[PDB]
Amino acid sequence: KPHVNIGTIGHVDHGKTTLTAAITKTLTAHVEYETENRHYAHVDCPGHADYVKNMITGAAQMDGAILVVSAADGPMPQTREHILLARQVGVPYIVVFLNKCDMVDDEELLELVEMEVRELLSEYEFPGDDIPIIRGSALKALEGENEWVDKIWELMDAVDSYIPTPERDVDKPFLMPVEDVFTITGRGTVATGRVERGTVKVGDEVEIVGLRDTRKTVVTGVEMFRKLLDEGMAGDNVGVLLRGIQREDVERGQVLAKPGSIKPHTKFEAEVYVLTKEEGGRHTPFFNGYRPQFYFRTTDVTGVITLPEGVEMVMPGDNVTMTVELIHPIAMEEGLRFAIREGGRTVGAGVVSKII
Amino acid sequence: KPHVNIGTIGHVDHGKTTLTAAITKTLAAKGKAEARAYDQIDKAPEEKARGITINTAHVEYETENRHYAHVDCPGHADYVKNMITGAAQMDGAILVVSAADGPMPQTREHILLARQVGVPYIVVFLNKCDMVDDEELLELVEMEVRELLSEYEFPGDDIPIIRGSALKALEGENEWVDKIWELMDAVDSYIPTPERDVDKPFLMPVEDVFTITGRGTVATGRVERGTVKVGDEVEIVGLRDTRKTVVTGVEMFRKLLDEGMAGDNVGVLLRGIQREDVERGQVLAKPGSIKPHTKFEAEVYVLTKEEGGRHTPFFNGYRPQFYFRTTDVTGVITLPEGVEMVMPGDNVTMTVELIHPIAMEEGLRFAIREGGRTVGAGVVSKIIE
Ligand SMILES: Nc1nc2c(ncn2[C@@H]2O[C@H](COP(=O)(O)OP(=O)(O)O)[C@@H](O)[C@H]2O)c(=O)[nH]1
Ligand SMILES: Nc1nc2c(ncn2[C@@H]2O[C@H](COP(=O)(O)OP(=O)(O)O)[C@@H](O)[C@H]2O)c(=O)[nH]1
Ligand SMILES: [Mg+2]
Ligand SMILES: [Mg+2]
């Protein structure tokens, strides 16, 4: 049965931890649980920076989120912050659990809160008019009341049907980041790496994207050492041979890809979290014009940072939306994670939020 | 064709993982390995020796002569645990020393651990010679490394020391690549090929003893090394005076076999032996091949709380249980000069005196147990007579 990564977002005390427990009983504290047609991994962080860092750099990468909103309070500023963040890091779908409905029985009051949640979701670019809003009480559900346990079921039905099962890596357009390039004596040039997505077979055309102008060629070999010939797929460590390609023609940090499926860019917006000293970062802040290294897949490229209008610095442990201009193009899409390094220290973790 | 377990040891940041990557890439260019990404060897997965977590990378490659399984580990604590209780004993090690820093404290500790766990042979890769062209400084570092090896009884005058650059080799610079070849020739030549378990002298730890009507007195266990068949002479070694007798049969699933082999779970029937003459914790062995001892030195890793172990230190005179193969035996610990207290998570050398003898030899692993939990993992480093 398919697996999906999700979690709970929304303002402090609105009920994420209780909902999380009520869901598990019915049917960064990780839990797993399953529905009839799907298995779930579920994250519930204890507030503040924990959400920021799981969402920018976490073990999972959320395929959808449950926004918890307390009927008693309405949307608060962390409700907004979390919706904004979700958009920034690429969370593809949101279902809402309107919680604490045991405390608010005026239907008219519930519809007010509902209207405002939808508007707030639509003010980022989520489709506020189509997102499921399930009325409930995680507390009364956890406490066994059949009335409210039923709505945990309704929530999980809405999760099953509205948050699609993510596209499997093997079904995506071929992509292999080039790890190294060398000549095998008596043979020729190979480009090695671990296939990230899709499938490749001898005779396929690929593009070599990033660092230099894109070129297209044909795959003349795919090898997994002493195990496999002619094909590879997501997860495989392979050497790829390419028609007409010498060592001067392919390098570490480029990618092999299905033609047209990914483009090179030098300029993008990203959401970045600045590591603390204790996390391995520096104690000093980011600033406009800072020119660290950006690590995207298998290479690192210098880039210049610009901070938002009227932000002069960003302190360790904080996050911001930054604009970046790289000195060389790199293959990239929205939602791609990267590290920011300077010297031998990881100073930042990012996700590409928009391509310019 | 012959298979050999090796690995890279040495102080943090000296270049172990970059060397490991460089070897795989060098041999990959000759169709003799899979080239392995530095970051995949560096970010080593977790392995799980019973409540103990060890971050361990495995690569494989071959030279003209042998197949190598090569281990590399991110942190000093991983090497501690790997060497004392990791899944593969090393048949040899490559000691990486930065020519820019010289020997450092993990350089010493790893040479010391290699000695304590019985690593047969060390070859040295004097790394980062791209940073150091002063011929005075090089020969100084090599003399220090040689002295340090000799201090722990390695043949510091015989040991090969290859001057290279892991980083330049990994980048493809031909002259540095040559030094990877020089290293692999030193590995092939100086690290001996280990004996196979089946060619070693028969040994089986006794698990249980009972009588089978119409067959005789049977000692069960799993054959560890060698082979056994009806008519062979065996000794019964440990816990009481050694006795020699004839194997009268070997059974598996209640049926008589032609022979039992390294790996088989068998019952060995023993001539002239009653059920009280043999017990759990004794070993059956090729006569003369193993001796019983009560006193030994060991290198011991003391588990943390989190691994299931103690939550307080122990002291000189600690008298726990020592679990050798199939049975616990009480022993008294004497700590070395200068060592007064041992904390959860420490590794130390100790002397032990058991209350009954056990068949043992240098290299034999054991657990230290107390109140039915494992508190330590040890290797017998020296027998004391
Ligand atoms: N009345 C009511 N209280 C709830 C409900 N769900 C949670 N709470 C309570 O509100 C407080 C905050 O809940 P919690 O799950 O920790 O909030 P979090 O900060 O979003 O994880 C706790 O006292 C909960 O027991 C509910 O459905 N109804
Ligand atoms: N200049 C130079 N640097 C090296 C060489 N070998 C490794 N390094 C660098 O030293 C650092 C540590 O190497 P690493 O292989 O991870 O050391 P390990 O902890 O012993 O695994 C890295 O920055 C390497 O790229 C070398 O031969 N020359
Ligand atoms: Mg909570
Ligand atoms: Mg390393």
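For neighbour counting, all protein chains shown are included, and Cβ atoms are generated from backbone atoms with ideal geometry for every residue, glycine included. Throughout, read-outs are computed from the coordinates displayed, never taken from laboratory work.
Rounded to 0.05, the FRET efficiency of the B:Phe253 and B:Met131 pair, given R0 = 56 Å and the Cβ-Cβ distance, is 0.35.
3J(HN,Hα) along segment B:334-344, derived from phi through the Karplus expression 6.51 cos²θ - 1.76 cosθ + 1.60 where θ = phi - 60°, amounts to 10, 7, x, 4, x, 10, 10, 9, 10, 8, x Hz, with x in place of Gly and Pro. Taking only the Cα atoms of segment A:169-263, the ratio Rg/Rh comes out at 0.92, with Rh defined as the Kirkwood radius.
Can you give the average number of partner chain beta-carbon atoms within 10 Å of each beta-carbon in peptide B:32-42, as a whole number? Walk me through the numbers on the way to the answer.
Numbers: counts 1, 2, 9, 10, 5, 8, 2, 2, 3, 0, 0.
Partner Cβ neighbours, averaged per residue: 4.
Look at where the Cα atoms of segment B:14-65 and of segment B:242-279 average out, and the two centres are 42 Å apart. Kirkwood hydrodynamic radius computed over the protein assembly as shown comes to 30.5 Å, based on all pairs of distinct alpha carbons.
If you take all C-alpha pairs in segment B:292-385, what percent of them are over 17 Å apart? Kindly include the intermediate steps, with their values, before the conclusion.
Numbers: 1820 of 4371 pairs.
Above the 17 Å cut-off, segment B:292-385 has 42 percent of its Cα pairs.
For B:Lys291 and B:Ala100, what does the FRET efficiency come to when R0 = 45 Å and r is the distance between their Cβ atoms, rounded to the nearest 0.05? It comes out at approximately 0.45. State the answer as a single residue: which of B:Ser150, B:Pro192, B:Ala166 lies farthest towards the positive end of the charge dipole of segment B:146-199, with beta carbon charges of +1 for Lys and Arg and -1 for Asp and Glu, about the Cα centre. Positive-end residue among those listed: B:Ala166.
The eigenvalues of the Cα gyration tensor, multiplied by 5 and square-rooted, give segment A:1-166 an equivalent ellipsoid with semi-axes of 21, 19, 15 Å from largest to smallest. Annotation: amide H of A:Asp236 within the under-5 Å range of A:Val195, sequence separation 5 or more or interchain, hydrogens built in the peptide plane.
Can you give the convex hull volume of the alpha carbon atoms of chain B per residue, in Å³? Could the numbers behind the result be given before it?
Values: hull volume 58.9 nm³, N = 385.
Dividing the Cα hull volume of chain B by its residue count gives 153 Å³.
Ordering A:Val43, B:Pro357, A:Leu84 by Cα displacement along the dipole of the protein assembly as shown toward the positive end leaves B:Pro357 in first place; charges were set at the Cβ atoms of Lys, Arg (+1) and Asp, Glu (-1). The packing ranking, built from the mean of other Cβ atoms within 10 Å per residue, places the peptides B:239-251, B:38-50 in the order B:239-251, B:38-50, highest first.
The orientation-averaged projection of the convex hull spanning the C-alpha atoms of segment A:214-288 amounts to 8.9 square nanometres. Between helix B:76-85 and chain B there is an angle of about 30 degrees, using the helix long axis and the longest principal axis of the Cα atoms.
Tell me what the protein assembly as shown gives for mean residue ellipticity at 222 nm when only DSSP H runs of n ≥ 4 count, each as -39,500 (n - 2.57), the sum divided by the residue total, rounded to 500 deg cm²/dmol. Let's see the in-between values first.
Numbers: 13 runs with 150 residues, N = 741.
Dividing the helical sum by the residues of the protein assembly as shown leaves -6000 deg cm²/dmol.
Taking the alpha carbon gyration tensor of segment B:85-216, multiplying each eigenvalue by 5 and rooting it gives semi-axes of 41, 17, 12 Å, largest first.
Here the protein assembly as shown is treated with +1 on each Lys and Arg Cβ and -1 on each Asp and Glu Cβ, and its dipole about the Cα centre works out to around 2260 debye. What FRET efficiency would be calculated for the residue pair B:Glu370, A:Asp169, taking the C-beta separation as r and a Förster radius of 45 Å, to the nearest 0.05? Here the calculated transfer efficiency is 0.40. Placing dummy labels 7 Å off each Cα toward the beta-carbon, the span from B:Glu207 to A:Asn146 is 5.3 nm.
Assuming a ≥ b ≥ c are the square roots of the Cα gyration tensor eigenvalues, decide whether segment A:85-160 counts as rounded (a/c under 1.5), prolate (otherwise, with a/b larger than b/c) or oblate. The shape class here is oblate. Here the Karplus relation 6.51 cos²θ - 1.76 cosθ + 1.60, evaluated at θ = phi - 60°, turns the backbone of segment B:280-296 into coupling constants of 3, x, 5, 10, 8, 8, 3, x, x, 7, 9, 10, x, 8, 10, 10, 7 Hz, with x for every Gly and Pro. For segment B:307-385 versus segment B:107-161, the spacing of their alpha-carbon centroids is 30 Å.
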